[PDB]
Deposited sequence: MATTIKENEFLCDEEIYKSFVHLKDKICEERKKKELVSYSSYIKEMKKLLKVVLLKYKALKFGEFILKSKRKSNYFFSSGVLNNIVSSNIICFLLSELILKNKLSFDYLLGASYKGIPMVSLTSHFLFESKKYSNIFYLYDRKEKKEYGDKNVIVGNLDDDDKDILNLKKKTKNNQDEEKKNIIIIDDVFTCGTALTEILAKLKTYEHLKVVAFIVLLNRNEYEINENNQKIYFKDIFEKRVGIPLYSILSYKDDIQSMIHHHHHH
């Protein structure tokens, strides 16, 4: 048994969470970034421990089902909440993409609520009546999901939401962006994230990325 035990993970989560909040309040950006990076290290340990990441022939596989435990989801949902606060994203609703986003959205709401900036936080989810929650000049939605490859899943949710005239999506937040790309006529990588952001006019944020976080696990 080769990884930090859950009791140690939690202790480290608590310490890092306190420092990250403290530094955000003090507006010390360099320290904030650094403590975020430490939390991301802890999260990568978790991903390996619970085997959310597996290696060997893509050269890695990612599954979020093994992250449905509170010690793991605390880290994840805390960091989703931090992306919202750090980037000062304004919203009326958070929407958890079915199914993986759904247990994330309540718990992320819980971490946001600790900022004391909100009198409540209203969250939604989509089935497969297709949008459920406290509904009915445009209301703004941030969508949460686990993984971004080409944007196929987020595009389907956008289709469901096009029906609802008074709703607008203003951001996507995700645990992992795979940094997928296509090569163009000049032998340059054109990333799906950039193509997707351009097509739908909405920014995507991610806790982790293949390039910054996963590739250094490969060897």
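According to the record, the deposited residues with no C-alpha atom in the structure span 1 to 7, 65 to 72, 144 to 151, 160 to 178, 262 to 266.
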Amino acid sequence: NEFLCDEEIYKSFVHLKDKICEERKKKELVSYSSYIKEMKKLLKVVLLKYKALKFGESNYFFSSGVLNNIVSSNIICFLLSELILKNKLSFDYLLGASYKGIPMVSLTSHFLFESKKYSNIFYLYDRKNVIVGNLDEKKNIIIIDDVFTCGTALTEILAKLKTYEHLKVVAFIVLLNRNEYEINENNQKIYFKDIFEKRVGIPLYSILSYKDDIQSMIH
From here on, numbers count along this sequence of modelled residues.
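Checked against the record, the higher mean CA B factor of 24 to 32 and 172 to 180 lies with 24 to 32.
Across the two stretches, 106 to 114 and 138 to 146, the PDB entry reports the greater mean Cα temperature factor for 138 to 146. In this PDB entry, residue 131 carries a Cα temperature factor that places it within the highest third of its chain's modelled residues.
Looking at the C-alpha B-factors along this chain, the one for residue 158 belongs to the highest third.
Per the PDB record, residue ranking by Cα B-factor puts residue 193 in the middle third of the chain. Sort the chain's modelled residues by C-alpha temperature factor and residue 51 lands in the middle third, per the entry.
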